[PDB]
Amino acid sequence: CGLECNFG
Amino acid sequence: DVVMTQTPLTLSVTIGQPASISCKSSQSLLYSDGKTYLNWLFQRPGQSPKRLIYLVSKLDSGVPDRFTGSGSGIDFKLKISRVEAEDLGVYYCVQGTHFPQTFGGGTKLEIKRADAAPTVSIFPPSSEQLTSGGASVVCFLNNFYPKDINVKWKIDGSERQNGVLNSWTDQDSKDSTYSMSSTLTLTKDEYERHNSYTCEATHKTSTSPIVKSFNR
Amino acid sequence: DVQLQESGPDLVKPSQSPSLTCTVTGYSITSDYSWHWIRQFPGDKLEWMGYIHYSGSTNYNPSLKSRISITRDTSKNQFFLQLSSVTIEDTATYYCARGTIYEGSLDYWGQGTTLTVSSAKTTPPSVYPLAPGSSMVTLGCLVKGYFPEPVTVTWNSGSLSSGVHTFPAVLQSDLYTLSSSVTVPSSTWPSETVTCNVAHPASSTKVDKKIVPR
C-alpha cells in the first residue's frame, strides 16, 4: 500500500 | 519492512570540518507518484527528535544551509559543510514511501579529540556490603578517548565472565572525554575464597593492557 | 507555532492496559494532517506505531495491528494511544507527531513521555563507600538495589562537581544500580571530610555516607 497507509 | 542501513555507526569530527552520513535502503524509495520520501531526523541525548530534511533534499524551517541532502533509488546522503557544536547528537534516516514507516539505526556524531589514556581506579567491596552477604568490586575508567574500550575481570589470574555489569557516560561537555564504570558482584562466600582481584582495560593508547589490582 | 505535549503514567505493571495522551495546541487535529505515535527503545531504536487521520480514520504497524489502538477527542483537541496486555519490552519513550502525506514525513515532534514497565516494588537504595588500598585520589560511591528511578547523587551536599562522574543506572534483578566517582587532591584527603549524598524521593529516603580510609 505504501504512502497512503502511512499518512492517508 | 524496508531496512535502513546507516554508515557509519559513530562519526568523529573536528569542529569546523566536513562530515557525511550515508543511508542505504533494502528497497527503492521512489514512489509511483514520482517522489522519493526520505527524511533526516536529528536528536540530542535527553532531547526529543526534530526533522532536519524531508523529500531527500528539502531543508526544514530553522535548518542552516551548511546541511545538504542527496541521493535517489536506494542510496542517500546527508552532508554537513562544517560541523558546529549545535550539530552534535544522533542522526536518523527515515522513510515514508513503504508501509510501514521505518527508521535507520542512527549515526552518533561526536567531537574528535586527542587520544587519552584512561585513569583506572579499583575498589574492594565495603565492610557494610559484606555484612549483607553481598560483595561487589568496582573499577572506574575515567577520562579516555576514543570510547572504544574493553574491560576484563581477573580472579587469581583467571577470567571472570558472569555477574559483571557495565555503565558508560556520554561525551563530556568540558574535555570531550568518556568515562566507564564496571562492577563485579558476588557473594561474601565467593569473595573470601580468593585473594587477588584485577581489572584489565584494553585501549588504543597502548598495545599492552592497563592493569589495576588489590590483594585481600 | 504548533506544539505537542505527551502525558500519562510513568510506571506501569506488566499485563496491564495503560493509555497515553497527546495534547496539541496551535492547530486543529480535525483540519488537515495525520497524527502519529512513535516509540524509542533503549539503544535509541525508533518504531512507528500508527496514526489517526484528520477524517478520523486509523492505521497501525502490521507488527502491532491487534495489540494497540488509537482514538481521539475532538472537543478536547487530543488523541490517545491504548496499550494492551503490556510487557517489560514495551519500556520506551513514547512520542506523538504530526504527519504530512505531501512531504511523506513527520514535521512536528513532542517532548515524549517515558513509560517504564516493571513489577518490582518501591525499594530504597543501599549506599556503599568506596576507598582505595595504597598525586590525585579517586573516591567512590555505590548505590545498590533501588526502584524506581531517579536517584540524586551529590558530593559534599553540592560542593563538588569538578571531578564528579555519575554513571547511568543499570538493571540488576529487577533493581537499579549506579556508581559515582570523585577525583580530588591528596592534600584534601583524608585531611578533609568527603561525603556521598544520595536521595531517592520515590521511597522518601536520603542517605549520607562519609568515606573513611581503609
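Each chain's residues are numbered sequentially from 1 according to the written sequence, a convention that need not reproduce the entry's numbering, and residues without coordinates are excluded. Key to labels: chains lettered from A, ligands numbered from 1, both in the order written. Values shown for side chains rest on all heavy atoms present in the structure; no hydrogens or waters enter the calculation.

**Student:** What is the right way to read the overall build of chain C from this model?
**Tutor:** Put simply, DSSP marks the helices as runs of H or I at least four residues long and the strands as runs of E at least two long, and each gets a number from the N terminus on. Counting secondary structure elements, chain C contains zero helices and 19 strands. For chain C, the spread of C-alpha atoms along the three principal axes comes to 70 × 35 × 30 Å. Looking at chain C as a whole, 46% of its 214 residues are labelled buried. By the counting rule applied here, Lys and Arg register as positive and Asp and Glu as negative, while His and the ends of each chain are not counted. In this description, the location of a charge corresponds to atom NZ of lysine, CZ of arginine, CG of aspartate or CD of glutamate. Where the 14 positive side-chain charges of chain C centre and where its 15 negative ones centre are 10 Å apart. Buried means the residue's accessible area, taken with a 1.4 Å probe over protein chains only, is under 20% of the maximum for its type, while exposed means over 50%, and partly exposed covers the values in between.

**Student:** What exactly am I supposed to notice about the overall build of chain B here?
**Tutor:** Each helix and strand counted, chain B has two helices and 19 strands in total. Against the 2.2 N^0.38 benchmark of 17 Å for 216 residues, chain B shows a C-alpha radius of gyration of 23 Å, more extended than a compact globule. With respect to the principal axes defined by its C-alpha atoms, chain B has extents near 70 × 35 × 30 Å. The burial tally for chain B puts 48% of its 216 residues in the buried class. When the accessible surface of chain B is split by element, carbon and sulfur atoms take 48% of a total near 10,100 Å². Looking at chain B, you have 23 positive and 21 negative side-chain charges, and the mean spots of the two groups are 4 Å apart. Throughout, the radius of gyration refers to the C-alpha atoms, and the reference size of a globule is 2.2 Å times the residue count to the power 0.38. To measure how exposed things are, a 1.4 Å probe is used in the Shrake-Rupley method; for residues, cover is taken only from the protein chains shown.

**Student:** I'm lost on the pattern of salt bridges in this one. Help?
**Tutor:** One side chain can pair with another of opposite charge once the charged atoms of both are near each other. Within this document, salt bridges are pairs made up of a side-chain nitrogen of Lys or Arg and a carboxyl oxygen of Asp or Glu, the two lying within 4 Å of each other. Inspection of every chain in the model, using the stated rule, returns nine salt bridges over all chains. Across the salt bridge formed by C:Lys209 and B:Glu128, the nearest N and O atoms sit 3.0 Å from each other. Placement of the pair is C:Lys209 in strand 19 (residues 205–210) and B:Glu128 in helix 1 (residues 127–130), with the two residues belonging to separate chains. B:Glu128 sits in the partly exposed class, given a relative accessible area of 28%. Notably, a salt bridge pairs B:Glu159 with B:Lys152, separated by 3.3 Å at the nearest N-O pair. Since its relative accessible area comes to 53%, B:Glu159 is described here as exposed.

**Student:** When you look at the domain arrangement of chain B in this model, what are you seeing that I'm missing?
**Tutor:** The figure often quoted for interface size is the accessible area lost as the parts come together. Residues and elements named next belong to chain B. Here the domain parsing of chain B yields domain 1 (1–113) and domain 2 (114–216). Just so you know, the domain bounds were taken from an automatic or database domain assignment. Each of domain 1 and domain 2 has a C-alpha centre, and these two points are 36 Å apart. Should any heavy atoms of two residues lie within 4.5 Å, those residues are considered in contact. Each side of the interface is counted separately: domain 1 has eight residues, and domain 2 has 10 residues. Between domain 1 and domain 2 the total buried area reaches about 770 Å² when both faces are included, carbon and sulfur atoms providing 39% of it. As used here, buried area is the combined drop in accessible area, with a 1.4 Å probe, of two parts when they are placed together. Taken as a group, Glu110, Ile111 and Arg113 account for 76% of the area that domain 1 buries against domain 2, more than any other trio of residues on that side. Remark: the boundary between domain 1 and domain 2 carries zero salt bridges. Between N or O atoms, a polar contact is any pair within 3.5 Å; within protein, one atom must be a potential hydrogen donor and the other a potential acceptor, and residues adjacent in sequence are included only when both atoms are from side chains. Inspection of the domain 1/domain 2 interface yields four residue pairs in polar contact. The dominant element in the side of domain 1 that touches domain 2, judged by the number of residues it contributes, is strand 11 (residues 107–111), at three residues. Residue classes in the side of domain 1 that touches domain 2 are distributed as two nonpolar, two polar and four charged. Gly is placed with the polar residues, together with every amino acid not listed as nonpolar (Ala, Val, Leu, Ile, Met, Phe, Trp, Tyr, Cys and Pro) or charged (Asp, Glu, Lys and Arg).

**Student:** Please explain the sheet that holds strand 8 (residues 78–82) of chain C as it appears in this structure.
**Tutor:** Residues and elements named next belong to chain C. In spatial order, the strands read 1-3-8-7; together these four strands make up an open sheet with antiparallel pairing. Lying at the two open borders of the sheet, with one neighbouring strand each, are strand 1 (3–7) and strand 7 (69–73). Pairwise comparison of adjacent strand axes, ignoring direction, gives a mean angle of 20° for this sheet. Two strands are counted as paired when DSSP detects at least two bridges linking them. Pairing of strand 3 (residues 19–25) with strand 8 involves five bridges; the strand directions are antiparallel. Following the sheet pairing, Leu20 is matched in strand 8 by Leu81. Helix axes are fitted only over the stretch in contact, all axes being lines through C-alpha atoms; the angle between N-to-C directions runs from 0 to 180 degrees.

**Student:** What exactly am I supposed to notice about the interface of chain A and chain C here?
**Tutor:** Counting from both sides, the interface comprises six residues of chain A and, opposite them, 12 residues of chain C. For the pair chain A and chain C, the summed buried area comes to about 700 Å², and 63% of that belongs to carbon and sulfur atoms. Across the contact surface, chain A and chain C share zero salt bridges. The interface formed by chain A and chain C holds two residue pairs in polar contact in total. Taken together, the residues of the side of chain A that touches chain C sort by class into three nonpolar, two polar and one charged.

**Student:** Help me understand the interface of chain C and chain B in this model?
**Tutor:** Listed as interface residues are 44 residues of chain C and, on the opposing side, 41 residues of chain B. Surface buried jointly by chain C and chain B totals about 3,500 Å² across both partners, of which 60% is contributed by carbon and sulfur atoms. Of all residues in chain C, the largest losses of buried area upon contact with chain B belong to C:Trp48, C:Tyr128 and C:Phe167, amounting jointly to 16% of the total for that side. Applying the counting rule to chain C against chain B returns two salt bridges. Viewed at the interface, chain B and chain C are joined by 13 residue pairs in polar contact.

**Student:** Would you explain the nonpolar core in this entry?
**Tutor:** Across soluble globular proteins, you tend to see nonpolar side chains buried next to one another. Take the buried residues of types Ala, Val, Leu, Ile, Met, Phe, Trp, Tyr and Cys, join any two whose side-chain atoms come within 4.5 Å, and each joined set is a nonpolar core. Ranked by internal contacts, the top residues of the largest apolar core, which has 25 residues, are B:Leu38, B:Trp40, B:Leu52, B:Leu78, B:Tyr91 and B:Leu109. Elements with a contribution of two residues or more to this core: strand 2 (10–13), strand 3 (19–25), strand 4 (38–43), strand 5 (50–54), strand 8 (75–80), strand 9 (89–95) and strand 11 of chain B. By size, the runner-up hydrophobic cluster in this structure holds 24 residues, among which are C:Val2, C:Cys22, C:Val86 and C:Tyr94.

**Student:** Could you clarify how one ought to interpret the packing of aromatic side chains in this entry?
**Tutor:** The geometry of an aromatic ring pair comes down to the distance between the two centres and the angle between the two planes. Side-chain rings of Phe, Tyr and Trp, where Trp is taken by its six-membered ring, are said to pair if the distance between their centres is within 6.5 Å; with planes under 30 degrees apart they count as stacked, over 60 as edge-to-face, and otherwise as tilted. Per the stated rule, a full pass over the model turns up 17 aromatic pairs over all chains. Charge over a ring is defined by NZ of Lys or CZ of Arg lying within 6 Å of the ring centre and within 35 degrees of the ring normal. Sitting above the plane of the B:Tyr191 ring, B:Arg216 keeps its charged end 5.3 Å from the centroid. Its end group placed over the ring of C:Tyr27, C:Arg98 keeps NZ or CZ at 5.3 Å from the ring centre.

**Student:** Hey, could you run me through empty space enclosed by the protein in this one?
**Tutor:** Over the atoms, a rolled probe matching the size of one water molecule traces out where space is still vacant. Here a cavity denotes grid points, spaced 1 Å and computed from the protein atoms alone, that fit a 1.4 Å probe unable to get out, and a pocket denotes an open set having protein on both sides within 12 Å along at least 5 of 7 lines; residues with an atom within 4 Å of a point are the lining. Grid points are joined across faces, edges and corners, and a volume is the space filled by probe spheres set on the points. When its volume is computed, the largest cavity comes out at roughly 100 Å³. Residue lining of the largest cavity: 14 residues in total, with B:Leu165, B:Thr183, C:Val170, C:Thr177 and C:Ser179 positioned closest to the centre. Among the elements of the structure, strand 16 (164–168) and strand 17 (178–187) of chain B together with strand 17 (176–185) of chain C are those that each provide at least two residues to the lining of the largest cavity. Classifying every residue of the lining of the largest cavity by side-chain character gives five nonpolar, nine polar and no charged. The volume enclosed by the second largest cavity comes to roughly 50 Å³. Residue assignment for the lining of the second largest cavity shows that the elements contributing at least two residues are strand 4 of chain B together with strand 10 (105–109) of chain C.

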